[PDB]
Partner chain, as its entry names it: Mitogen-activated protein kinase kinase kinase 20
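One chain follows as structure tokens, the form solved without its partner chain.
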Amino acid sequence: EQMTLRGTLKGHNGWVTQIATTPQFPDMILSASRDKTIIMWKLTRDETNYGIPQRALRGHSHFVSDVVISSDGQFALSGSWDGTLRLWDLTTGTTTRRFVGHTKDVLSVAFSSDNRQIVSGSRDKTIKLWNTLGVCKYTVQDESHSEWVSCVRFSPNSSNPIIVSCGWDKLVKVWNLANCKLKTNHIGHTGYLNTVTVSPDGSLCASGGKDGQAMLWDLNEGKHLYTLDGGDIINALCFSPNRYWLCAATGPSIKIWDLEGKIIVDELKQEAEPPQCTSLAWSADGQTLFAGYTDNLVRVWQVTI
């Protein structure tokens, strides 16, 4: 098990901020950018190009911060510094719905497993729950973060209906999805938080940001498990879909940790400051890790023995 650079995706004119993949369309991936667009890529996989831009999703009036695809792979949900969310029909490449409610930049978006619910985190310090019709059903304002909410994620475990969030208040908050009331405050971080991610079984949550420590929290028990040293600002986190791996975009490199031995499997670097990695997303088959950078490129990392 070792990763190598297979290729790059050139098209964006600004930083790549997020990457989204779908099991229904393995030859198609989405990327969010500071160039205000989301690019739909066509994965060609040839001697000249790994992928090519198929379509560009335009409409947001500022940096696109987050992008996620629906379970059927037919729709995309984006968030932007314009203070709105947008639902996109992938076939037409059109916005079908605008989500107006946040009073500041939207930093994070997410679809619930059933795709019936939508969450957003914003610079306005609130977490908003919406339906697919752009109606805000709930605003979490109170026992909420006292600073910018940088990331909001759902857990795939239906027995413990939960939303996880992190913010610039250095806290990780676990919310009961049924009543939208605080379940747990996870104290430990010494710096602002950029990201939170939930494992495929919904038992683990990894948080990261400024302090460079990837902290693992048990969602079932409501307790800290262990911490992994990222040794640089953590910009993004994701668990492998098919491996017991935790991936962190630590400054310019990508640190891959084996959760069994709590050890580095690999560290993916490019060879005055180098491009910083901002986003990570595993392909449908879990053999390809796509990563976004501050040099506007998407780098394609492939699993090889």
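Residue numbers count along the first chain shown, from 1.
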query: Deposited residues lacking coordinates between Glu271 and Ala272 (none, 1 to 3, 4 to 9, 10 or more); finding: 4 to 9
query: 138 to 146 set against 79 to 87, stretch whose average Cα temperature factor tops the other in the entry; finding: 138 to 146
query: Mean C-alpha B-factor comparison - 254 to 262 and 31 to 39, higher one; finding: 254 to 262
query: Largest Cα B-factor, entry values, listed residues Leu177, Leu204, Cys166, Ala214; finding: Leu177
query: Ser155, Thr103, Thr195, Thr96, ranked by C-alpha B-factor: the highest one; finding: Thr96
query: Position of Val172 among the chain's modelled residues by C-alpha B-factor, lowest, middle or highest third; finding: lowest
query: CA B-factor placement of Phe63, once the chain's modelled residues are sorted into thirds; finding: lowest
query: Within-chain third of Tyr50 by Cα B-factor, per the entry; finding: highest
query: Relative C-alpha B-factor of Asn131, binned into the chain's lowest, middle or highest third; finding: middle
query: Chain thirds of CA B-factor: placement of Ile162; finding: highest
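Omitted from view is the form deposited with its partner chain bound, to which the following refers.
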item: Interface membership of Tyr50, its partner chain in the entry with it bound, 4.5 Å heavy atom rule; value: no
item: Close approach of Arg243 to its partner chain in the entry with it bound, 4.5 Å, heavy atom; value: yes
item: Its partner chain contact at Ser203 in the entry with it bound, heavy atom, 4.5 Å; value: yes
item: Proximity of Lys262 to its partner chain in the entry with it bound, heavy atoms at 4.5 Å; value: yes
item: Among the candidates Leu216, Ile162, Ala110, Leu90, the residue which, in the entry with it bound, approaches its partner chain to within 4.5 Å (heavy atoms); value: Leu216
item: Candidate from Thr84, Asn235, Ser199, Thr126 lying within 4.5 Å of its partner chain in the entry with it bound - any heavy atom; value: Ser199
item: Per-stretch contact check against its partner chain in the entry with it bound, the hit in 252 to 260, 53 to 61, 275 to 283, 32 to 40 (non-hydrogen atom, 4.5 angstroms); value: 252 to 260
item: Every residue of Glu271, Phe290 and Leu297 near its partner chain in the entry with it bound, heavy atom within 4.5 Å; value: no
item: Residues from 215 to 236 in contact with its partner chain (non-hydrogen atom within 4.5 Å) in the entry with it bound; value: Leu216, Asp218, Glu221, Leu225, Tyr226
